[PDB]
file entry.cif (mmCIF, C-alpha atoms and all ligand atoms; chains and numbers go by the auth columns)
data_my_file
loop_
_atom_site.group_PDB
_atom_site.id
_atom_site.type_symbol
_atom_site.label_atom_id
_atom_site.label_comp_id
_atom_site.label_asym_id
_atom_site.label_seq_id
_atom_site.Cartn_x
_atom_site.Cartn_y
_atom_site.Cartn_z
_atom_site.B_iso_or_equiv
_atom_site.auth_seq_id
_atom_site.auth_asym_id
ATOM 1 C CA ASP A 1 -25.510 11.353 -1.410 0.00 2 D
ATOM 2 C CA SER A 2 -22.328 12.874 -3.022 0.00 3 D
ATOM 3 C CA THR A 3 -20.327 13.929 -6.119 0.00 4 D
ATOM 4 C CA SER A 4 -16.707 12.684 -6.584 0.00 5 D
ATOM 5 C CA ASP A 5 -14.233 12.927 -9.550 0.00 6 D
ATOM 6 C CA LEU A 6 -11.400 10.325 -9.672 0.00 7 D
ATOM 7 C CA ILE A 7 -8.457 9.698 -12.000 0.00 8 D
ATOM 8 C CA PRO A 8 -9.386 6.356 -13.671 0.00 9 D
ATOM 9 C CA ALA A 9 -7.638 3.176 -12.450 0.00 10 D
ATOM 10 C CA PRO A 10 -4.996 2.083 -14.992 0.00 11 D
ATOM 11 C CA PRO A 11 -5.488 -1.257 -16.803 0.00 12 D
ATOM 12 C CA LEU A 12 -3.607 -4.081 -14.942 0.00 13 D
ATOM 13 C CA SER A 13 -1.513 -4.468 -18.187 0.00 14 D
ATOM 14 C CA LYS A 14 0.384 -1.272 -17.056 0.00 15 D
ATOM 15 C CA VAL A 15 1.068 -2.765 -13.546 0.00 16 D
ATOM 16 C CA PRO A 16 4.037 -5.186 -13.591 0.00 17 D
ATOM 17 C CA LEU A 17 4.160 -8.240 -11.279 0.00 18 D
ATOM 18 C CA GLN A 18 7.448 -9.006 -9.445 0.00 19 D
ATOM 19 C CA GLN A 19 8.934 -12.058 -11.291 0.00 20 D
ATOM 20 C CA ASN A 20 9.588 -15.159 -9.085 0.00 21 D
ATOM 21 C CA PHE A 21 7.830 -13.582 -6.010 0.00 22 D
ATOM 22 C CA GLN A 22 9.203 -15.145 -2.728 0.00 23 D
ATOM 23 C CA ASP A 23 6.334 -14.932 -0.155 0.00 24 D
ATOM 24 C CA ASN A 24 8.634 -15.940 2.791 0.00 25 D
ATOM 25 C CA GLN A 25 11.205 -13.119 2.023 0.00 26 D
ATOM 26 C CA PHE A 26 8.421 -10.464 1.770 0.00 27 D
ATOM 27 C CA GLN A 27 7.444 -11.067 5.462 0.00 28 D
ATOM 28 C CA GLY A 28 8.180 -8.699 8.384 0.00 29 D
ATOM 29 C CA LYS A 29 8.038 -4.913 8.845 0.00 30 D
ATOM 30 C CA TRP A 30 7.842 -2.377 5.981 0.00 31 D
ATOM 31 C CA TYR A 31 7.724 1.425 6.449 0.00 32 D
ATOM 32 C CA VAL A 32 5.464 3.392 4.050 0.00 33 D
ATOM 33 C CA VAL A 33 8.054 5.844 2.632 0.00 34 D
ATOM 34 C CA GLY A 34 5.864 6.827 -0.378 0.00 35 D
ATOM 35 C CA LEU A 35 2.123 6.844 -1.226 0.00 36 D
ATOM 36 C CA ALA A 36 0.444 7.727 -4.561 0.00 37 D
ATOM 37 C CA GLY A 37 -3.173 7.222 -5.656 0.00 38 D
ATOM 38 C CA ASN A 38 -6.378 8.738 -7.028 0.00 39 D
ATOM 39 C CA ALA A 39 -7.550 9.490 -3.417 0.00 40 D
ATOM 40 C CA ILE A 40 -4.025 10.598 -2.152 0.00 41 D
ATOM 41 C CA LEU A 41 -3.657 14.461 -1.890 0.00 42 D
ATOM 42 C CA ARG A 42 -0.471 16.410 -0.809 0.00 43 D
ATOM 43 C CA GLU A 43 -1.527 18.333 2.411 0.00 44 D
ATOM 44 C CA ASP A 44 0.875 20.943 3.938 0.00 45 D
ATOM 45 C CA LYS A 45 -1.362 21.794 7.012 0.00 46 D
ATOM 46 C CA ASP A 46 -0.835 18.308 8.595 0.00 47 D
ATOM 47 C CA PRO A 47 1.741 16.465 6.405 0.00 48 D
ATOM 48 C CA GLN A 48 1.021 12.668 6.357 0.00 49 D
ATOM 49 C CA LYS A 49 2.997 10.791 9.098 0.00 50 D
ATOM 50 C CA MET A 50 4.831 7.553 8.196 0.00 51 D
ATOM 51 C CA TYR A 51 3.111 4.299 9.245 0.00 52 D
ATOM 52 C CA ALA A 52 4.379 0.688 9.100 0.00 53 D
ATOM 53 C CA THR A 53 2.834 -2.540 7.733 0.00 54 D
ATOM 54 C CA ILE A 54 3.846 -6.019 9.011 0.00 55 D
ATOM 55 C CA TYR A 55 3.336 -9.067 6.713 0.00 56 D
ATOM 56 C CA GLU A 56 3.098 -12.490 8.486 0.00 57 D
ATOM 57 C CA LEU A 57 2.897 -15.598 6.246 0.00 58 D
ATOM 58 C CA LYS A 58 0.279 -18.033 7.713 0.00 59 D
ATOM 59 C CA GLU A 59 0.390 -21.904 7.420 0.00 60 D
ATOM 60 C CA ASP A 60 -2.239 -21.615 4.581 0.00 61 D
ATOM 61 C CA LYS A 61 0.135 -19.137 2.730 0.00 62 D
ATOM 62 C CA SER A 62 -2.226 -16.121 3.233 0.00 63 D
ATOM 63 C CA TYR A 63 -0.709 -13.015 4.921 0.00 64 D
ATOM 64 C CA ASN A 64 -1.863 -11.553 8.227 0.00 65 D
ATOM 65 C CA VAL A 65 -1.270 -7.827 7.463 0.00 66 D
ATOM 66 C CA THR A 66 -1.093 -5.345 10.407 0.00 67 D
ATOM 67 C CA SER A 67 -0.670 -1.586 9.835 0.00 68 D
ATOM 68 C CA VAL A 68 0.412 0.576 12.812 0.00 69 D
ATOM 69 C CA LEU A 69 -0.442 4.341 12.674 0.00 70 D
ATOM 70 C CA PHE A 70 0.191 7.121 15.239 0.00 71 D
ATOM 71 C CA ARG A 71 -3.210 8.959 15.564 0.00 72 D
ATOM 72 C CA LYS A 72 -4.464 11.256 18.403 0.00 73 D
ATOM 73 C CA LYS A 73 -1.461 10.378 20.681 0.00 74 D
ATOM 74 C CA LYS A 74 -2.118 6.561 20.344 0.00 75 D
ATOM 75 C CA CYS A 75 -1.061 3.553 18.204 0.00 76 D
ATOM 76 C CA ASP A 76 -3.966 2.487 15.919 0.00 77 D
ATOM 77 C CA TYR A 77 -3.795 -1.105 14.517 0.00 78 D
ATOM 78 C CA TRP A 78 -5.590 -2.257 11.288 0.00 79 D
ATOM 79 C CA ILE A 79 -5.414 -6.076 10.738 0.00 80 D
ATOM 80 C CA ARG A 80 -6.604 -7.711 7.467 0.00 81 D
ATOM 81 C CA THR A 81 -5.882 -10.910 5.441 0.00 82 D
ATOM 82 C CA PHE A 82 -4.298 -11.006 1.934 0.00 83 D
ATOM 83 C CA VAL A 83 -5.337 -14.280 0.184 0.00 84 D
ATOM 84 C CA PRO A 84 -3.057 -15.585 -2.627 0.00 85 D
ATOM 85 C CA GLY A 85 -4.496 -14.717 -6.078 0.00 86 D
ATOM 86 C CA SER A 86 -3.958 -16.372 -9.494 0.00 87 D
ATOM 87 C CA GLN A 87 -0.135 -15.698 -9.630 0.00 88 D
ATOM 88 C CA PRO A 88 2.629 -15.359 -6.961 0.00 89 D
ATOM 89 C CA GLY A 89 2.737 -11.708 -5.730 0.00 90 D
ATOM 90 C CA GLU A 90 -1.051 -11.167 -6.344 0.00 91 D
ATOM 91 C CA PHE A 91 -3.647 -11.178 -3.501 0.00 92 D
ATOM 92 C CA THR A 92 -7.309 -10.342 -2.726 0.00 93 D
ATOM 93 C CA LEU A 93 -8.710 -9.049 0.621 0.00 94 D
ATOM 94 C CA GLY A 94 -10.021 -11.935 2.798 0.00 95 D
ATOM 95 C CA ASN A 95 -13.641 -11.739 4.124 0.00 96 D
ATOM 96 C CA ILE A 96 -14.670 -8.919 1.691 0.00 97 D
ATOM 97 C CA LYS A 97 -18.324 -9.289 3.020 0.00 98 D
ATOM 98 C CA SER A 98 -17.165 -7.816 6.420 0.00 99 D
ATOM 99 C CA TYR A 99 -16.241 -4.388 4.844 0.00 100 D
ATOM 100 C CA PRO A 100 -19.399 -2.284 4.184 0.00 101 D
ATOM 101 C CA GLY A 101 -19.670 -1.103 0.520 0.00 102 D
ATOM 102 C CA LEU A 102 -16.516 -3.034 -0.616 0.00 103 D
ATOM 103 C CA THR A 103 -17.099 -5.139 -3.806 0.00 104 D
ATOM 104 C CA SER A 104 -13.422 -5.793 -4.860 0.00 105 D
ATOM 105 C CA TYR A 105 -9.883 -5.362 -3.392 0.00 106 D
ATOM 106 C CA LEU A 106 -6.779 -6.407 -5.428 0.00 107 D
ATOM 107 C CA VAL A 107 -3.067 -6.368 -4.363 0.00 108 D
ATOM 108 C CA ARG A 108 -0.112 -6.698 -6.813 0.00 109 D
ATOM 109 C CA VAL A 109 3.576 -6.648 -5.716 0.00 110 D
ATOM 110 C CA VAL A 110 5.096 -4.622 -8.633 0.00 111 D
ATOM 111 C CA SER A 111 8.802 -4.855 -7.603 0.00 112 D
ATOM 112 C CA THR A 112 10.907 -5.731 -4.509 0.00 113 D
ATOM 113 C CA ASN A 113 14.459 -6.786 -3.543 0.00 114 D
ATOM 114 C CA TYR A 114 12.914 -8.070 -0.200 0.00 115 D
ATOM 115 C CA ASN A 115 15.691 -6.614 2.066 0.00 116 D
ATOM 116 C CA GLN A 116 15.369 -2.835 1.261 0.00 117 D
ATOM 117 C CA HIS A 117 12.400 -1.775 -0.918 0.00 118 D
ATOM 118 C CA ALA A 118 9.089 -2.801 -2.512 0.00 119 D
ATOM 119 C CA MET A 119 6.382 -1.169 -4.644 0.00 120 D
ATOM 120 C CA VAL A 120 2.833 -2.534 -4.192 0.00 121 D
ATOM 121 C CA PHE A 121 -0.273 -1.656 -6.249 0.00 122 D
ATOM 122 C CA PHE A 122 -3.776 -1.724 -4.648 0.00 123 D
ATOM 123 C CA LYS A 123 -7.144 -1.373 -6.428 0.00 124 D
ATOM 124 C CA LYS A 124 -10.532 -1.401 -4.685 0.00 125 D
ATOM 125 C CA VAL A 125 -14.179 -0.725 -5.632 0.00 126 D
ATOM 126 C CA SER A 126 -15.990 0.916 -2.661 0.00 127 D
ATOM 127 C CA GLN A 127 -19.556 2.392 -3.089 0.00 128 D
ATOM 128 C CA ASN A 128 -19.111 1.622 -6.857 0.00 129 D
ATOM 129 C CA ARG A 129 -16.082 4.077 -6.956 0.00 130 D
ATOM 130 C CA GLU A 130 -12.730 2.667 -8.211 0.00 131 D
ATOM 131 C CA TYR A 131 -9.678 3.653 -6.064 0.00 132 D
ATOM 132 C CA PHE A 132 -6.044 2.721 -6.696 0.00 133 D
ATOM 133 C CA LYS A 133 -2.790 3.487 -4.924 0.00 134 D
ATOM 134 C CA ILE A 134 0.905 2.571 -5.112 0.00 135 D
ATOM 135 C CA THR A 135 2.780 2.109 -1.822 0.00 136 D
ATOM 136 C CA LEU A 136 6.581 2.543 -1.684 0.00 137 D
ATOM 137 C CA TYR A 137 7.808 0.317 1.171 0.00 138 D
ATOM 138 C CA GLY A 138 11.268 0.533 2.817 0.00 139 D
ATOM 139 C CA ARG A 139 12.894 -1.799 5.377 0.00 140 D
ATOM 140 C CA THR A 140 14.199 1.560 6.800 0.00 141 D
ATOM 141 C CA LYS A 141 12.410 4.955 7.121 0.00 142 D
ATOM 142 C CA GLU A 142 14.732 6.477 4.443 0.00 143 D
ATOM 143 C CA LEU A 143 15.269 5.441 0.798 0.00 144 D
ATOM 144 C CA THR A 144 17.653 6.701 -1.925 0.00 145 D
ATOM 145 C CA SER A 145 16.751 9.492 -4.381 0.00 146 D
ATOM 146 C CA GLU A 146 16.947 6.794 -7.137 0.00 147 D
ATOM 147 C CA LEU A 147 14.192 4.586 -5.527 0.00 148 D
ATOM 148 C CA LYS A 148 11.970 7.655 -4.804 0.00 149 D
ATOM 149 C CA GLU A 149 12.453 8.890 -8.465 0.00 150 D
ATOM 150 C CA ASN A 150 11.556 5.354 -9.752 0.00 151 D
ATOM 151 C CA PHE A 151 8.360 5.474 -7.576 0.00 152 D
ATOM 152 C CA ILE A 152 7.436 8.979 -8.932 0.00 153 D
ATOM 153 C CA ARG A 153 8.057 7.813 -12.563 0.00 154 D
ATOM 154 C CA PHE A 154 5.893 4.652 -12.073 0.00 155 D
ATOM 155 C CA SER A 155 3.082 6.657 -10.308 0.00 156 D
ATOM 156 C CA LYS A 156 3.038 9.270 -13.155 0.00 157 D
ATOM 157 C CA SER A 157 2.946 6.375 -15.744 0.00 158 D
ATOM 158 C CA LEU A 158 -0.436 5.364 -14.140 0.00 159 D
ATOM 159 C CA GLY A 159 -1.793 8.938 -14.755 0.00 160 D
ATOM 160 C CA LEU A 160 -1.154 10.530 -11.305 0.00 161 D
ATOM 161 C CA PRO A 161 -0.041 14.185 -11.058 0.00 162 D
ATOM 162 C CA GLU A 162 2.652 15.456 -8.600 0.00 163 D
ATOM 163 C CA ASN A 163 -0.023 16.461 -6.007 0.00 164 D
ATOM 164 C CA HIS A 164 -1.267 12.799 -5.754 0.00 165 D
ATOM 165 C CA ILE A 165 2.261 11.617 -4.678 0.00 166 D
ATOM 166 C CA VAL A 166 3.303 12.040 -0.990 0.00 167 D
ATOM 167 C CA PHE A 167 6.376 11.004 1.051 0.00 168 D
ATOM 168 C CA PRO A 168 5.142 10.513 4.643 0.00 169 D
ATOM 169 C CA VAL A 169 7.421 12.160 7.296 0.00 170 D
ATOM 170 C CA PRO A 170 9.388 9.649 9.449 0.00 171 D
ATOM 171 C CA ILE A 171 8.209 9.394 13.117 0.00 172 D
ATOM 172 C CA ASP A 172 9.410 7.253 16.086 0.00 173 D
ATOM 173 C CA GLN A 173 6.028 6.663 17.853 0.00 174 D
ATOM 174 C CA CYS A 174 4.376 3.214 17.327 0.00 175 D
ATOM 175 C CA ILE A 175 6.385 2.182 14.208 0.00 176 D
ATOM 176 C CA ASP A 176 9.733 1.401 16.007 0.00 177 D
HETATM 177 O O1 LIG B . -6.949 5.434 -2.197 0.00 1 R
HETATM 178 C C1 LIG B . -6.514 4.691 -1.359 0.00 1 R
HETATM 179 N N1 LIG B . -5.865 5.127 -0.265 0.00 1 R
HETATM 180 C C2 LIG B . -5.521 6.516 0.017 0.00 1 R
HETATM 181 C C3 LIG B . -6.504 7.273 0.939 0.00 1 R
HETATM 182 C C4 LIG B . -6.457 6.731 2.376 0.00 1 R
HETATM 183 N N2 LIG B . -7.491 7.375 3.212 0.00 1 R
HETATM 184 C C5 LIG B . -6.955 8.394 4.141 0.00 1 R
HETATM 185 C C6 LIG B . -7.096 8.019 5.637 0.00 1 R
HETATM 186 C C7 LIG B . -7.086 6.523 5.970 0.00 1 R
HETATM 187 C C8 LIG B . -6.206 6.095 7.162 0.00 1 R
HETATM 188 N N3 LIG B . -5.771 4.710 6.865 0.00 1 R
HETATM 189 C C9 LIG B . -6.817 3.688 7.073 0.00 1 R
HETATM 190 C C10 LIG B . -6.572 2.743 8.268 0.00 1 R
HETATM 191 C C11 LIG B . -7.829 1.903 8.613 0.00 1 R
HETATM 192 N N4 LIG B . -8.501 1.398 7.410 0.00 1 R
HETATM 193 C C12 LIG B . -9.455 0.456 7.383 0.00 1 R
HETATM 194 O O2 LIG B . -9.885 -0.018 8.432 0.00 1 R
HETATM 195 C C13 LIG B . -9.953 -0.060 6.029 0.00 1 R
HETATM 196 C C14 LIG B . -11.157 -0.770 5.914 0.00 1 R
HETATM 197 C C15 LIG B . -11.607 -1.241 4.674 0.00 1 R
HETATM 198 C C16 LIG B . -10.889 -1.034 3.502 0.00 1 R
HETATM 199 C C17 LIG B . -9.690 -0.337 3.567 0.00 1 R
HETATM 200 O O3 LIG B . -9.048 -0.152 2.514 0.00 1 R
HETATM 201 N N5 LIG B . -9.214 0.154 4.824 0.00 1 R
HETATM 202 O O4 LIG B . -7.975 0.877 4.882 0.00 1 R
HETATM 203 C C18 LIG B . -4.542 4.452 6.387 0.00 1 R
HETATM 204 O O5 LIG B . -3.645 5.284 6.379 0.00 1 R
HETATM 205 C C19 LIG B . -4.168 3.107 5.820 0.00 1 R
HETATM 206 C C20 LIG B . -3.166 2.340 6.413 0.00 1 R
HETATM 207 C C21 LIG B . -2.812 1.104 5.867 0.00 1 R
HETATM 208 C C22 LIG B . -3.448 0.610 4.740 0.00 1 R
HETATM 209 C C23 LIG B . -4.472 1.354 4.139 0.00 1 R
HETATM 210 O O6 LIG B . -5.035 0.901 3.118 0.00 1 R
HETATM 211 N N6 LIG B . -4.842 2.618 4.672 0.00 1 R
HETATM 212 O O7 LIG B . -5.852 3.461 4.084 0.00 1 R
HETATM 213 C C24 LIG B . -8.813 7.053 3.106 0.00 1 R
HETATM 214 O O8 LIG B . -9.658 7.362 3.922 0.00 1 R
HETATM 215 C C25 LIG B . -9.299 6.249 1.926 0.00 1 R
HETATM 216 C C26 LIG B . -9.889 6.864 0.821 0.00 1 R
HETATM 217 C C27 LIG B . -10.300 6.096 -0.267 0.00 1 R
HETATM 218 C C28 LIG B . -10.125 4.717 -0.263 0.00 1 R
HETATM 219 C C29 LIG B . -9.533 4.068 0.839 0.00 1 R
HETATM 220 O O9 LIG B . -9.368 2.814 0.844 0.00 1 R
HETATM 221 N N7 LIG B . -9.112 4.845 1.947 0.00 1 R
HETATM 222 O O10 LIG B . -8.509 4.264 3.122 0.00 1 R
HETATM 223 C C30 LIG B . -6.670 3.231 -1.595 0.00 1 R
HETATM 224 C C31 LIG B . -6.805 2.669 -2.872 0.00 1 R
HETATM 225 C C32 LIG B . -6.908 1.290 -2.986 0.00 1 R
HETATM 226 C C33 LIG B . -6.895 0.463 -1.844 0.00 1 R
HETATM 227 C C34 LIG B . -6.789 1.014 -0.563 0.00 1 R
HETATM 228 O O11 LIG B . -6.785 0.300 0.481 0.00 1 R
HETATM 229 N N8 LIG B . -6.657 2.413 -0.461 0.00 1 R
HETATM 230 O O12 LIG B . -6.497 3.064 0.803 0.00 1 R
HETATM 231 LA LA LA B . -7.381 1.904 2.530 0.00 2 R
#

call {"tool": "encode", "arguments": {"input": "entry.cif", "output": "structure tokens"}}
result
Amino acid sequence: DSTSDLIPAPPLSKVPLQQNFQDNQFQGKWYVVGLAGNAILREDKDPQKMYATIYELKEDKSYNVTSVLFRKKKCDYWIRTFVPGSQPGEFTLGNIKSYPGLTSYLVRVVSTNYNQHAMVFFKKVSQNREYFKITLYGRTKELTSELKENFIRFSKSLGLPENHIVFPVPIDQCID
């Protein structure tokens, strides 16, 4: 029982796909240097801490994806599987049945140079509500003003206001 009001997910026609996606070069550790989405809210009481996501390419060409977060003085690990979709750089969540209320989960790599930065679009339908987010990944915990401005411009092109765009604060715990 609830009421919720969400910015509509953009059509996938507004979400570019990285041309010539190289699955092997996308592997390894990425820091989440920016987050934007219809359920992302800027919060000054506890500013969002940086977390890291590790992509491991399996023999079957799916990714094992592990996120590491620092929560309540401990390292929290979330492991899931990204299964190759219709085109290189697109994925769906493996074993969708195992997530209560989840009916769809889509991943699209928008842009990357593999060795510094990536932007990744996520869309999911959970309890019949449609959520989307854009993750700005860095190989380091800092990125240039130009890459952050490009991320803001792309996020606003998908209908997100300033207060749905956050830059998690770098930490050392868990993600080094
Ligand atoms: O709107 C989105 N995200 C921003 C709000 C995050 N949040 C704020 C506290 C969440 C803290 N955790 C979650 C870590 C553990 N999670 C899970 O065991 C999990 C199970 C099933 C589906 C799923 O998605 N997760 O994460 C993250 O920091 C975290 C790290 C890495 C990847 C990641 O995805 N998350 O969230 C939410 O509670 C939330 C609200 C609405 C939808 C939603 O999926 N989540 O997690 C969104 C849109 C489209 C796809 C998508 O996956 N997400 O998250
Ligand atoms: La999530």

call {"tool": "residues_near_ligand", "arguments": {"input": "entry.cif", "ligand": "ligand LA 2 (chain R)", "cutoff": "10 Å", "atoms": "all atoms listed in the file", "output": "list in words"}}
result
residues 40, 79, 106, 123, 124, 125, 132, 133 and 134 of chain D

call {"tool": "atom_distance", "arguments": {"input": "entry.cif", "atom1": "CA of residue 145 in chain D", "atom2": "CA of residue 51 in chain D"}}
result
16.4 Å

call {"tool": "residues_around", "arguments": {"input": "entry.cif", "residues": "residue 114 in chain D", "least_positions_apart": "4", "cutoff": "10 Å", "atoms": "only C-alpha atoms", "output": "list in words"}}
result
residues 19, 22, 23, 26, 27, 118, 119 and 120 of chain D

call {"tool": "closest_residue", "arguments": {"input": "entry.cif", "among": "D:53, D:16, D:80, D:167", "to": "residue 36 in chain D", "atoms": "all atoms listed in the file"}}
result
D:167

call {"tool": "atom_distance", "arguments": {"input": "entry.cif", "atom1": "CA of residue 35 in chain D", "atom2": "CA of residue 136 in chain D"}}
result
5.8 Å

call {"tool": "resolve_selection", "arguments": {"input": "entry.cif", "expression": "the PyMOL selection byres (((chain D and resi 82) around 8) and not hetatm)", "output": "PyMOL selection string"}}
result
chain D and resi 63-66+80-81+83-84+94-96

call {"tool": "residues_around", "arguments": {"input": "entry.cif", "residues": "residue 128 in chain D", "least_positions_apart": "4", "cutoff": "10 Å", "atoms": "all atoms listed in the file", "output": "MDAnalysis selection string"}}
result
chainID D and resid 101:104

call {"tool": "resolve_selection", "arguments": {"input": "entry.cif", "expression": "the PyMOL selection byres (((chain D and resi 90) around 10) and not hetatm)", "output": "PyMOL selection string"}}
result
chain D and resi 18-24+27+85-89+91-92+108-112+121

call {"tool": "closest_residue", "arguments": {"input": "entry.cif", "among": "D:17, D:6, D:172, D:157", "to": "residue 38 in chain D", "atoms": "all atoms listed in the file"}}
result
D:157

call {"tool": "closest_residue", "arguments": {"input": "entry.cif", "among": "D:31, D:115, D:52, D:138", "to": "ligand LIG 1 (chain R)", "atoms": "only C-alpha atoms and all ligand atoms"}}
result
D:52

call {"tool": "resolve_selection", "arguments": {"input": "entry.cif", "expression": "the PyMOL selection byres (((chain D and resi 34) around 7) and not hetatm)", "output": "mmCIF file with C-alpha atoms, in the coordinates of the input"}}
result
data_model
loop_
_atom_site.group_PDB
_atom_site.id
_atom_site.type_symbol
_atom_site.label_atom_id
_atom_site.label_comp_id
_atom_site.auth_asym_id
_atom_site.auth_seq_id
_atom_site.Cartn_x
_atom_site.Cartn_y
_atom_site.Cartn_z
ATOM 1 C CA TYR D 32 7.724 1.425 6.449
ATOM 2 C CA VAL D 33 5.464 3.392 4.050
ATOM 3 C CA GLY D 35 5.864 6.827 -0.378
ATOM 4 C CA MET D 51 4.831 7.553 8.196
ATOM 5 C CA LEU D 137 6.581 2.543 -1.684
ATOM 6 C CA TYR D 138 7.808 0.317 1.171
ATOM 7 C CA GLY D 139 11.268 0.533 2.817
ATOM 8 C CA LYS D 142 12.410 4.955 7.121
ATOM 9 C CA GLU D 143 14.732 6.477 4.443
ATOM 10 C CA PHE D 168 6.376 11.004 1.051
ATOM 11 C CA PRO D 169 5.142 10.513 4.643
#

call {"tool": "atom_distance", "arguments": {"input": "entry.cif", "atom1": "CA of residue 131 in chain D", "atom2": "CA of residue 10 in chain D"}}
result
6.6 Å

call {"tool": "axis_aligned_box", "arguments": {"input": "entry.cif", "around": "ligand LIG 1 (chain R)", "padding_each_side": "8 Å", "output": "AutoDock Vina command-line options"}}
result
--center_x -7.2 --center_y 3.6 --center_z 2.8 --size_x 24.8 --size_y 25.6 --size_z 27.6

call {"tool": "closest_residue", "arguments": {"input": "entry.cif", "among": "D:41, D:97, D:126, D:170", "to": "ligand LIG 1 (chain R)", "atoms": "only C-alpha atoms and all ligand atoms"}}
result
D:41

call {"tool": "residues_near_point", "arguments": {"input": "entry.cif", "point": "(3.6, -5.6, 9.2)", "cutoff": "8 Å", "atoms": "all atoms listed in the file", "output": "PDB file with C-alpha atoms, in the coordinates of the input"}}
result
ATOM      1  CA  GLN D  28       7.444 -11.067   5.462  1.00  0.00           C
ATOM      2  CA  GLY D  29       8.180  -8.699   8.384  1.00  0.00           C
ATOM      3  CA  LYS D  30       8.038  -4.913   8.845  1.00  0.00           C
ATOM      4  CA  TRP D  31       7.842  -2.377   5.981  1.00  0.00           C
ATOM      5  CA  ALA D  53       4.379   0.688   9.100  1.00  0.00           C
ATOM      6  CA  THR D  54       2.834  -2.540   7.733  1.00  0.00           C
ATOM      7  CA  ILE D  55       3.846  -6.019   9.011  1.00  0.00           C
ATOM      8  CA  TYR D  56       3.336  -9.067   6.713  1.00  0.00           C
ATOM      9  CA  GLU D  57       3.098 -12.490   8.486  1.00  0.00           C
ATOM     10  CA  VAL D  66      -1.270  -7.827   7.463  1.00  0.00           C
ATOM     11  CA  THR D  67      -1.093  -5.345  10.407  1.00  0.00           C
ATOM     12  CA  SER D  68      -0.670  -1.586   9.835  1.00  0.00           C
ATOM     13  CA  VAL D  69       0.412   0.576  12.812  1.00  0.00           C
TER      14      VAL D  69
END

call {"tool": "closest_residue", "arguments": {"input": "entry.cif", "among": "D:161, D:153, D:58, D:148", "to": "ligand LIG 1 (chain R)", "atoms": "only C-alpha atoms and all ligand atoms"}}
result
D:161

call {"tool": "closest_residue", "arguments": {"input": "entry.cif", "among": "D:44, D:14, D:61, D:150", "to": "ligand LIG 1 (chain R)", "atoms": "only C-alpha atoms and all ligand atoms"}}
result
D:44
